[PDB]
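Single chain ahead, written as structure tokens, the form deposited in one PDB entry.
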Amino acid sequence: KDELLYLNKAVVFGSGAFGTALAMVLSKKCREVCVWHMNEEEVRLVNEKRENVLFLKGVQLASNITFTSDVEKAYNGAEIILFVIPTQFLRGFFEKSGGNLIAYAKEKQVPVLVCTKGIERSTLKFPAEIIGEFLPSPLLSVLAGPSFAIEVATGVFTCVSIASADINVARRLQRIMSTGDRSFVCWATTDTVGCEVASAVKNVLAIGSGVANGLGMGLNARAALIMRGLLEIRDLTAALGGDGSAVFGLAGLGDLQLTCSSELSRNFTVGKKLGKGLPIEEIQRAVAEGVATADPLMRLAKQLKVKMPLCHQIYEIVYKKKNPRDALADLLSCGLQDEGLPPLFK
């Protein structure tokens, strides 16, 4: 259906640049929107300054956005729930504070939208999969696509995709997240897995992009990194059970191309230093997503016997003091190959 849905309330768990930006979209589709941040003092500050001076500096919170540190106040009444809490704290949030939240969600069949990205080290599971150990899969959807937070927060044209096992769940979320001025447009897909794989691997690939640049390479190089890197997202996706339809779409190619040209992103800058030769120890001074993700990503790949050439060489560069140039050459040690893509049309 091409007709939008407006609600009375929405809560967002995660007070980062991304969740905050997402609350601005919701603020235009929901009467009320709470954003859950844990530090009570910060909650008040932000509410006073009418601005998340914490993670999205320079943006003016809609007046109907209210930060709260009380989980219970956050979800009560909410007709949509967004999770954007970082991977590492996800499970612990659910164990230590999700009790009432879970029961509420189950009782009222409240749609849940996963926006957290990564791989959990202990289990090597993805964010929606974790959340799925606490909440029935049918209530769950995943949001992914090229979406720089500032741009999303200030209403500049953005297209993301929403994925759910049941397309019909995605289509209903598509109608709650899409704005009235067509500035935030959601496309439906069923590929939850491809979405989550693309989201996680893009951050690792994005350090490679930095590596390339620090190494003296240019735009031809980066384009080739995005293209080959995508095959790695596609193969890991196949192995994990996904149907792969998100791979060449917004969640995959779209978010991947974006994240890799983000020259001022911390993923890029870190790779760029490693590229220039600076040791990782010297660098770290606010961790980069790709750095944290490379390790688990590598363990998961190994466990599933998926070859991910770019992601391994990026992992070695980051974790095992491998010379970027030695890495590049090894990557190119393969010899002359076929492009390796299947025909679309027989």
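Think of the rigid core as the biggest set of C-alphas that the two forms share within 1.5 Å after superposition. We number the residues from 1 along the sequence you see.
- Count the deposited residues lacking coordinates between residue 285 and residue 286 and you get 1 to 3 of them.
- Of the two segments examined, 208-216 and 192-200, it is 208-216 that shows the higher average Cα temperature factor in the deposited entry.
- Higher mean CA temperature factor between 33-41 and 293-301: 33-41, per the PDB entry.
- Highest CA B-factor among the listed residues (178, 137, 245, 158): 137.
- Among 238, 264, 81, 144, the highest C-alpha B-factor recorded in the PDB entry belongs to 264.
- In the PDB entry, a CA B factor belonging to the lowest third of its chain's modelled residues is recorded for residue 249.
- In the PDB entry, residue 273 places in the highest third of its chain by CA B-factor.
- When the CA B factors of the chain's modelled residues are split into thirds, the value for residue 125 lands in the lowest one.
- Sort the chain's modelled residues by C-alpha temperature factor and residue 331 lands in the highest third, per the entry.
- Annotation for residue 151: CA B-factor lies in the lowest third of the chain's modelled residues.
Beyond what is shown, the protein has a form deposited in another entry; the following relates to that form.
- For residue 270, the Cα coordinates differ by 2 angstroms or more between the shown form and the other one after the core has been superposed.
- Annotation for residue 321: C-alpha shift of 2 angstroms or more between the shown form and the other one, rigid core superposed.
- Core-superposed comparison between the shown form and the other one: the CA of residue 99 stays below a 2 Å shift.
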